[PDB]
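Beneath this line is the structure, given in C-alpha cells, with notes to follow.
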Amino acid sequence: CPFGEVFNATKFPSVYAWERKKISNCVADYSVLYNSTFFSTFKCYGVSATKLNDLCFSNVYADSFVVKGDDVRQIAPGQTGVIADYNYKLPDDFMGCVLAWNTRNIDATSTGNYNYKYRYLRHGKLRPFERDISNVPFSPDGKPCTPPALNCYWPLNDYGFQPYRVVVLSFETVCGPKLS
Amino acid sequence: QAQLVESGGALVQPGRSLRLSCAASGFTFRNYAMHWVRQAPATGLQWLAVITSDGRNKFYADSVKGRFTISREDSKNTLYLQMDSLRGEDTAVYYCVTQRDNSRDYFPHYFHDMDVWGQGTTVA
Amino acid sequence: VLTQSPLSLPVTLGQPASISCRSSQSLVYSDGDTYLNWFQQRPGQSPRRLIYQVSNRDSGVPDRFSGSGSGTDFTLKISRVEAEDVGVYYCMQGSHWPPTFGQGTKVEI
Ligand SMILES: *[C@@H]1O[C@H](CO)[C@@H](O[C@@H]2O[C@H](CO)[C@@H](O[C@@H]3O[C@H](CO)[C@@H](O)[C@H](O)[C@@H]3O)[C@H](O)[C@H]2NC(C)=O)[C@H](O)[C@H]1NC(C)=O
Ligand SMILES: *[C@@H]1O[C@H](CO)[C@@H](O)[C@H](O)[C@H]1NC(C)=O
C-alpha cells in the first residue's frame, strides 16, 4: 500500500480542506509506521496498533492535513472545538489510527506560515468526515452581508505556524502481510 | 466569582455620543466574550452587541447596528460601549453581560448562557 | 420573538406559580439542543439566571425552581413562591441570533 506517499508527502492541505487518499487492493505494512519514531502521536481507537498487520478491511482512507499541535487532540471521536466542530470531525465510533508529527522545520516559518487556513464560523457544525471548502462571508442570521461591514465576517482564518502533519487512517481488498 | 461593574452613564441629548465602561473581575477578561444588553419597558431585556475574546469580531443587533460600537481593553479588564448619534429610543439601563462557561468560545455559543450580569447603568 | 404569559401573575405567598413563554419559532438549535433560559430580576437589581436549557437549575438555585417545554412552548415552574421571589421572570433564547428575551412576567406576593 502507498503509505509513504501520504506520510512523506511534500505538501499537505489545510484541515478545513482535508484531502482523502483511498488505499485498497494492496498489502498494508504497518510495521514501518508502528515502531517508528517519525510520529509524535500514534493513537488508535478500539484498534491495537500492534495488530494492524492482522486486520483486513474493504478499504482504508488516509485523511491528510496540517493543524496546529495544540488542536491535534481535536482529531478524535467525541471531541469539540474549532477543528472538531468546523474543520474536520471524527464520528462517535471505533476509529483506525491518527498519526501525527512535528513539522516546525517543514511547514512553519519565522514570520508565520499563513498558507494554511481553518474555519471558525459556520451555520452549524460539520458531520463526521464532512468537507466544507466554501468561502462565503459569515452572516449570524442567514442574511446577505458584505465585508467588512458590521456582522460580515469571513468564516475562514489563518494558522500562525507549531504545525503538525496529521494523517488519519479511517477503516471500512486491503490486508497486512503474511508471515513466512 | 465573575463580577461586572458598569459606569459612565449620563443624560445624552439626541444626536450626541456617550461611551460606557464596564470593569470586569472574578474571571480572566481576556478569555471571555463580552456583551451589552439594555433594559427598558419598551423592549424588556434587549441584547445589543457582542465582542469576541480576541476583540476581533463584533456582532450587533439591527436596532443598534451602525450606530453602536462594542470594544474592549484587555489591559484594564474593561468592556466599553460607544453609542454614537444616541436617540431618545436608546433610553435604557445598560447591563454588562458575560458568561461563566467559555468551553466553546465561538459564535453563537456565547449567547447560550449569558449568566453573568452587572448592576446596570442608566442612560437617558 | 418571545411572548410570556400571563404578564402579571398574583401568587399568594406560599402558593405555586407558572410562567409561560412562547416563541415565534422553534428554539431548537443546529445541534438539537434548546437554548431557552430563565432569569429572575429583583426590583432595584439585575437579572439572575435560575434555569437553563428549559429545565436545568444553576448551582445555588433553590430546589423550588424547575421547568419544562419543547419546540416553541416553555414554562418556568415554582413549587411555592417565596417573598424573596418577588420580581420579574424572563425567558431568553440564544438559539437564534440575535438572542432575545420575553417581555417578562411580574410575580406578585
Ligand atoms: C519517510 O521518510 C523517512 C526518511 O526521510 C523514512 O525513515 C527512514 O527509512 C529508512 C528505510 O528503512 C530507515 O533506514 C535507513 O536505511 C538506509 C539504507 O541505506 C540507511 O543508510 C540509513 O542509515 C537507515 O538505515 C531510516 O532510519 C528511516 N529514518 C528514520 C528517521 O526513521 C520513513 O520510513 C518514511 N516513511 C514512510 C511511511 O515510508
Ligand atoms: C521496526 O519496523 C521495521 C519495518 O520494516 C522492521 O524492519 C524492524 O525490524 C522493526 N524493529 C524491530 C525491533 O523489530
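When we count neighbours, we look across all protein chains shown, and the Cβ atoms used for this are built from the backbone with ideal geometry, even at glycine. Only the coordinates and a few stated rules stand behind these numbers; no lab work does.
By its C-alpha gyration tensor, with a ≥ b ≥ c as the square roots of the eigenvalues, how is the range A:57-180 shaped: rounded for a/c under 1.5, else prolate for a/b larger than b/c, else oblate?
oblate
Which value in nm describes the separation of the simple spin-label points at A:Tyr45 and A:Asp132, placed 7 Å from the Cα toward the beta carbon?
1.9 nm
So if we plug the beta-carbon distance of A:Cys56 and C:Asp58 into 1/(1 + (r/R0)^6) with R0 = 45 Å, what FRET efficiency do we get, rounded to 0.05?
Efficiency computed from Cβ-Cβ geometry: 0.30.
Sort A:92-102, C:1-11 for me by packing, meaning the mean count of neighbouring Cβ atoms within 10 Å per residue, highest on top.
The packing order, highest mean first, is A:92-102, C:1-11.
Based on the mean of other Cβ atoms within 10 Å per residue, sort peptides C:90-98, B:14-22, B:78-86 so the most packed one is first. Each step should come with its number before you reach the end.
Details: C:90-98: 24.1, B:14-22: 15.6, B:78-86: 19.1.
Highest to lowest by the protection proxy: C:90-98, B:78-86, B:14-22.
Provide a whole-number value for the mean count of partner chain Cβ atoms within 10 Å of the Cβ atoms in peptide C:40-50.
Shielding by partners across C:40-50 averages 4.
Under a Cβ-Cβ cut-off of 15 Å, what is the net charge of the residues other than A:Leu90 that fall near it, where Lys and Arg count +1 and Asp and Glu count -1? Can you show the working numbers first?
Values: positive: A:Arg20, A:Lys43, A:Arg73, A:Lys89, A:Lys125, A:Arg127, A:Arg131; negative: A:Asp63, A:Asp71, A:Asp85, A:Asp92, A:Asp93, A:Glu130, A:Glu172.
Residues close to A:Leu90 contribute a combined charge of 0.
So for the range C:52-109, what are the equivalent ellipsoid semi-axes in whole Å, largest first, each being the square root of 5 times an eigenvalue of the Cα gyration tensor? Before the final figure, lay out each step's value.
Working: eigenvalues 87, 40, 22 Å².
The three semi-axes for the range C:52-109 are 21, 14, 10 Å.
Across the residues of A:136-145, average count of Cβ atoms on other protein chains within 10 Å?
If you average over the peptide's residues, the count of other-chain Cβ atoms is 3.
With a ≥ b ≥ c taken as the square roots of the eigenvalues of the C-alpha gyration tensor of the range B:60-117, please select rounded if a/c is under 1.5 and otherwise prolate if a/b is larger than b/c or oblate if it is not?
It comes out prolate by the Cα gyration axes.
Can you give me the Kirkwood hydrodynamic radius for the protein assembly as shown, using every pair of distinct Cα atoms, in Å to one decimal?
One decimal place: 24.1 Å for the Kirkwood radius.
Averaged over its residues, how many other protein chain Cβ atoms are within 10 Å of peptide B:30-37's Cβ atoms?
Other-chain Cβ atoms within 10 Å of each residue's Cβ, averaged: 1.
Expressed as a whole number of Å, what is the distance separating the alpha-carbon centroids of the range A:42-60 and the range C:2-76?
49 Å
Mind grabbing the base-10 log of I(q)/I(0) for the range A:29-91 at q = 0.28 Å⁻¹? Debye formula, identical points on the C-alpha positions, no solvent, two decimal places.
Once normalised to I(0) and log-transformed, intensities are -1.31.
Take every DSSP beta bridge with both residues inside the protein assembly as shown and express the antiparallel ones as a percent of the total, to the nearest 5.
Counting only bridges with both partners in the protein assembly as shown, antiparallel ones make up about 95 percent.
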